[PDB]
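S.K.: The structure under discussion is supplied below as structure tokens; questions concerning it will follow.
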Amino acid sequence: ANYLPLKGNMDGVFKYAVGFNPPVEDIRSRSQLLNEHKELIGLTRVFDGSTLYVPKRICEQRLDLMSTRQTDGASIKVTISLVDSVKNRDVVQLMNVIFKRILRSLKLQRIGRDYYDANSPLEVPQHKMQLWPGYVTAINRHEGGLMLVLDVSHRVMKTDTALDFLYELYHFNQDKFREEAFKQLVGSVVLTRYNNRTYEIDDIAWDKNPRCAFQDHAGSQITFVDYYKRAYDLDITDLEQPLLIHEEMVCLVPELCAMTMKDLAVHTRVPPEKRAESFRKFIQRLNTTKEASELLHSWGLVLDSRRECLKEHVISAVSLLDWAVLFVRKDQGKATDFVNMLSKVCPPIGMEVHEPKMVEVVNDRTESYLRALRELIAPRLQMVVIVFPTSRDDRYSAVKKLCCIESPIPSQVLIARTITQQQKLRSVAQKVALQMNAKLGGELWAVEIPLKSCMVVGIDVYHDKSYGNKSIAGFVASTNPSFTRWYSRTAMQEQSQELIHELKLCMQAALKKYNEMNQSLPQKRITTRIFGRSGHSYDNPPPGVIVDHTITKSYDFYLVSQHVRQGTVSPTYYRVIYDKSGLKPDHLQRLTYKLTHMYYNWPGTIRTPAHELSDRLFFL
RNA sequence: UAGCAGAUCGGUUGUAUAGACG
RNA sequence: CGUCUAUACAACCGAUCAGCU
């Protein structure tokens, strides 16, 4: 629990405005219309256009007055007067520019989305990487009123810049530098400093340098160093920095950008309880700092003062009478000792496996499963076990596409890295034994269910490439009231809006299988912490906590079933199904809590539907 | 790519405020 | 609104890593 409210002016914060006339040179030509506004009203103010927020409730429509600029001294339009009323999308923004004034006062910085304090950061130069001790201050409307979220985010901004990165790339070689940049630097992304932007790399200019001119906003051929010296007040040191692109030219100079522990991970990065010290420190720092608090009292910002189923028989486990494994010649020990270990794990979980027909492929490539699999696979074969050390997507899907698309047939794929572990070997075999038996169509462990006719179908959309727009990630389902029949399928359609209709085909493919074996018709991530409305303990909510009113954002349920040992608990957020079908939210909390145990790859608790320790010193 | 608890780095689509190019 | 944007709010995905069986 590291979340702190900020009270003060809950409502009624109206806004003045700032005129922007005329823009001449650059973005600074418009931004300077308030850079020299200290002579009119005072320092404590924020400018973002036609909105200049005020704590009080005055502003209605519009007005105008006069001001002055600095660089050239032309006519300046400024209107610190009536604008509009309070809107739901304004309070978050104006309190966050208040936090911007805080960074101008508390000496915080900003990276991308959230503001960080890095005046005395965690300088860890082992890999030219500096973990910023700032907090993710994503202030927004929250439980009840307004609340400031604070997680101590070790934001990984590099002290080194693209200048030295390209210089060490040159230090490797020059032609090899060019080649590797065309291989390892293209596609990669640099982090900008002057405007904290995110610019990609596709190609690197060669003849260009930080002296060649370009058609700037002024329409002249000015030098490169002059533009950055007069537009952002940043001086360029060297003149031999080749440009990058995001040939058409998108502003990118390696001079002023940057691109991309073990024992520190248990001291001051993410302890479950000891992270409350930062929750107990920054709250005091805001108040006790006279210089920082003085500029916040003017605005009106006052912060708050404060399973063992490996031994019990399984419901209905399908045995393996005749089957084969598709191991390569390099995995003779693997997928056979594992099967031999599977011959020991299976009897406790109520099934037996005979030694498979040890078929094999001819080479460690795709053009081995095309022939060897088809030659020695018949409807008399139950299980196919495919293992390989290297794991590439095309070859794995090459073996897969001959098993799932044509017809529903179980197929188990393993990798070397899954099996190399010896202490996990008994454990990994248990998951696979449950995985194979789930794919065999056999029942597995269940829970005490005070429920029935429930769906466990976990949709997953794989939308990565427009050319490969297939949405193939899996359509895991459950076709028995005990939720022990997990026969995964895949989507076989492609459409943007009519996806509501064609996704039902997989639902029908899962519901028809439900009717064919039962003869009866039956948004998962946040950065929040939950302090449930049952007991005030600012700690991990009990698994299955019921909070849906005045202790969360909206009527959507926000549940906890994901048990934590290292790090602070991050509750999972959930949408609603229906509030009129008669489903009590408490049972849906239980249903999510019970379905949490039903993922058939880990005997315990998981995040989503798809104990009395750490009291004394833990690492001391 | 047997599954995961805590995060981190990016990309993208977003969504809101407003501006300009027609 | 097609585009370019600055301010942010927000999600998903990919990968990576500080591994409860």
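Note on naming: chains are A, B, ... as they come in the structure tokens, residues start from 1 per chain, ligands start from 1 in the order shown.
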Would you write out, as a Markdown table, a table of all residues in chain A that have an atom no more than 8 Å from an atom of chain B, listing for each the closest atom pair and the distance in Å to one decimal, considering only C-alpha atoms (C1' of nucleotides) and ordering rows by chain and rising residue number?

M.R.:
```
| residue | atom | partner | partner_atom | distance |
| --- | --- | --- | --- | --- |
| A:49 | CA | B:18 | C1' | 7.1 |
| A:50 | CA | B:18 | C1' | 7.6 |
| A:89 | CA | B:16 | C1' | 6.5 |
| A:90 | CA | B:17 | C1' | 7.9 |
| A:155 | CA | B:8 | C1' | 7.8 |
| A:156 | CA | B:8 | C1' | 7.5 |
| A:189 | CA | B:10 | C1' | 7.5 |
| A:260 | CA | B:9 | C1' | 7.8 |
| A:270 | CA | B:6 | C1' | 7.6 |
| A:391 | CA | B:1 | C1' | 5.9 |
| A:392 | CA | B:1 | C1' | 7.6 |
| A:393 | CA | B:1 | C1' | 7.6 |
| A:396 | CA | B:1 | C1' | 7.6 |
| A:413 | CA | B:1 | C1' | 7.9 |
| A:414 | CA | B:2 | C1' | 7.0 |
| A:415 | CA | B:1 | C1' | 6.8 |
| A:418 | CA | B:2 | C1' | 6.4 |
| A:428 | CA | B:2 | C1' | 5.8 |
| A:429 | CA | B:2 | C1' | 7.7 |
| A:431 | CA | B:2 | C1' | 6.1 |
| A:432 | CA | B:2 | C1' | 5.5 |
| A:435 | CA | B:2 | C1' | 7.7 |
| A:562 | CA | B:5 | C1' | 7.8 |
| A:563 | CA | B:5 | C1' | 7.1 |
| A:564 | CA | B:5 | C1' | 5.4 |
| A:565 | CA | B:5 | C1' | 6.7 |
| A:566 | CA | B:6 | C1' | 6.0 |
| A:567 | CA | B:6 | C1' | 5.2 |
| A:568 | CA | B:6 | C1' | 7.5 |
| A:600 | CA | B:3 | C1' | 7.9 |
| A:601 | CA | B:3 | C1' | 4.6 |
| A:602 | CA | B:3 | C1' | 5.5 |
| A:606 | CA | B:4 | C1' | 7.0 |
```

S.K.: Could you list, as a list in words, every residue of chain C that has an atom within 9 Å of an atom of chain A, counting only C-alpha atoms (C1' of nucleotides)?

M.R.: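 So the contacting residues turn out to be residues 6, 7, 8, 9, 11, 13, 14, 18, 20 and 21 of chain C.
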
S.K.: Please produce a file of those selected residues containing C-alpha atoms (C1' of nucleotides), as a PDB file, in the first residue's frame.

M.R.:
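Okay, selection.pdb is ready:
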```pdb
ATOM      1  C1'   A C   6       2.659  19.919 -28.305  1.00  0.00           C
ATOM      2  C1'   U C   7       0.057  18.786 -23.181  1.00  0.00           C
ATOM      3  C1'   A C   8      -1.328  14.781 -20.856  1.00  0.00           C
ATOM      4  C1'   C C   9      -4.767  10.376 -19.541  1.00  0.00           C
ATOM      5  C1'   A C  11      -4.622   0.144 -22.837  1.00  0.00           C
ATOM      6  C1'   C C  13       1.215  -6.220 -27.314  1.00  0.00           C
ATOM      7  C1'   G C  14       6.183  -7.818 -27.801  1.00  0.00           C
ATOM      8  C1'   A C  18      15.481  -8.908 -10.225  1.00  0.00           C
ATOM      9  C1'   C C  20       5.857 -18.712  -5.362  1.00  0.00           C
ATOM     10  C1'   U C  21       5.462 -25.450  -8.029  1.00  0.00           C
TER      11        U C  21
END
```

S.K.: Within 8 Å of stretch 350-357 of chain A, counting only C-alpha atoms (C1' of nucleotides), which residues show up once you throw out same-chain ones fewer than 2 positions away? Write them as a list in words, please.

M.R.: residues 313, 314, 316, 317, 318, 319, 320, 321, 322, 323, 324, 325, 339, 342, 343, 346, 347, 348 and 359 of chain A

S.K.: Would you mind exporting N, CA and C atoms of the selected residues as a tab-separated table (two decimals), in the first residue's frame?

M.R.:
```tsv
chain	number	residue	atom	x	y	z
A	313	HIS	N	-5.73	-38.66	-6.30
A	313	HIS	CA	-6.19	-39.15	-7.59
A	313	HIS	C	-7.00	-38.10	-8.32
A	314	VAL	N	-6.91	-38.12	-9.64
A	314	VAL	CA	-7.57	-37.16	-10.50
A	314	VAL	C	-8.94	-37.70	-10.92
A	316	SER	N	-10.81	-37.86	-13.87
A	316	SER	CA	-10.86	-38.80	-14.98
A	316	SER	C	-9.68	-38.49	-15.90
A	317	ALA	N	-8.59	-39.24	-15.74
A	317	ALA	CA	-7.37	-39.04	-16.50
A	317	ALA	C	-7.29	-40.07	-17.62
A	318	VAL	N	-7.08	-39.59	-18.84
A	318	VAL	CA	-7.03	-40.45	-20.02
A	318	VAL	C	-5.61	-41.00	-20.16
A	319	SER	N	-5.50	-42.32	-20.23
A	319	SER	CA	-4.21	-42.97	-20.37
A	319	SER	C	-3.72	-42.90	-21.81
A	320	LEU	N	-2.41	-43.10	-21.97
A	320	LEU	CA	-1.76	-43.09	-23.28
A	320	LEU	C	-1.39	-44.54	-23.63
A	321	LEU	N	-2.20	-45.16	-24.48
A	321	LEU	CA	-1.94	-46.54	-24.89
A	321	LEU	C	-0.82	-46.60	-25.93
A	322	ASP	N	-1.03	-45.97	-27.08
A	322	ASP	CA	-0.04	-45.91	-28.14
A	322	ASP	C	0.19	-44.46	-28.52
A	323	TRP	N	1.46	-44.06	-28.57
A	323	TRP	CA	1.82	-42.68	-28.87
A	323	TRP	C	3.27	-42.64	-29.34
A	324	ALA	N	3.69	-41.47	-29.80
A	324	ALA	CA	5.04	-41.29	-30.33
A	324	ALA	C	5.57	-39.92	-29.94
A	325	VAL	N	6.89	-39.81	-29.91
A	325	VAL	CA	7.57	-38.55	-29.63
A	325	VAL	C	8.42	-38.19	-30.84
A	339	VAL	N	9.64	-38.61	-20.24
A	339	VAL	CA	8.59	-39.62	-20.33
A	339	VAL	C	8.79	-40.69	-19.26
A	342	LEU	N	7.65	-39.10	-16.41
A	342	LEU	CA	6.20	-39.07	-16.53
A	342	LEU	C	5.58	-40.40	-16.16
A	343	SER	N	6.30	-41.50	-16.40
A	343	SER	CA	5.82	-42.81	-15.98
A	343	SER	C	5.75	-42.95	-14.47
A	346	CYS	N	2.64	-40.01	-13.36
A	346	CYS	CA	1.28	-40.38	-13.76
A	346	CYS	C	0.53	-41.24	-12.74
A	347	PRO	N	1.11	-42.31	-12.18
A	347	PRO	CA	0.32	-43.18	-11.28
A	347	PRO	C	-0.27	-42.45	-10.09
A	348	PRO	N	0.46	-41.51	-9.45
A	348	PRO	CA	-0.19	-40.74	-8.38
A	348	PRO	C	-1.37	-39.91	-8.84
A	359	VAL	N	9.68	-42.60	-32.56
A	359	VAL	CA	9.95	-42.12	-33.92
A	359	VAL	C	10.87	-40.91	-33.81
```

S.K.: For atom CA of residue A:291 and atom CA of residue A:110, quote the distance in Å rounded to one decimal.

M.R.: 20.1 Å

S.K.: Would you please extract all strand (DSSP E) residues from stretch 389-498 of chain A, as assigned by DSSP on the backbone, and give them as a ChimeraX atom specification?

M.R.: /A:412-415

S.K.: To one decimal in Å, tell me the separation between atom CA of residue A:154 and atom CA of residue A:109.

M.R.: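 Interatomic distance here is 13.4 Å.
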
S.K.: Just how far from atom CA of residue A:149 is atom CA of residue A:537, in Å to one decimal?

M.R.: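 Computed distance, atom CA of residue A:537 to atom CA of residue A:149, equals 17.7 Å.
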
S.K.: Env of residue A:512: 9 Å cut, atoms = only C-alpha atoms (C1' of nucleotides), seq-sep filter 5 positions within chain, self excluded. Answer as a PDB file with N, CA, C and O atoms, in the first residue's frame.

M.R.:
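Produced file out23.pdb, reproduced below:
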```
ATOM      1  N   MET A 507     -17.047 -19.848 -30.185  1.00  0.00           N
ATOM      2  CA  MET A 507     -17.965 -20.091 -29.076  1.00  0.00           C
ATOM      3  C   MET A 507     -18.870 -21.280 -29.366  1.00  0.00           C
ATOM      4  O   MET A 507     -19.086 -22.137 -28.503  1.00  0.00           O
ATOM      5  N   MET A 517     -20.620 -33.509 -24.959  1.00  0.00           N
ATOM      6  CA  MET A 517     -20.091 -34.283 -23.846  1.00  0.00           C
ATOM      7  C   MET A 517     -20.828 -34.056 -22.534  1.00  0.00           C
ATOM      8  O   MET A 517     -20.609 -34.818 -21.585  1.00  0.00           O
ATOM      9  N   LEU A 521     -26.897 -27.398 -22.177  1.00  0.00           N
ATOM     10  CA  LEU A 521     -26.317 -26.095 -22.481  1.00  0.00           C
ATOM     11  C   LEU A 521     -25.990 -25.355 -21.189  1.00  0.00           C
ATOM     12  O   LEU A 521     -26.859 -25.220 -20.323  1.00  0.00           O
TER      13      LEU A 521
END
```

S.K.: Residues near residue A:475, anyone? I mean within 10 Å using only C-alpha atoms (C1' of nucleotides), not counting same-chain ones fewer than 3 positions away, as a ChimeraX atom specification.

M.R.: /A:457-461,472,487-491,503,506-507,510,610

S.K.: Which residues in stretch 63-227 of chain A does DSSP call alpha helix (DSSP H)? List them as a PyMOL selection string.

M.R.: chain A and resi 91-106+162-172+175-180+224-227
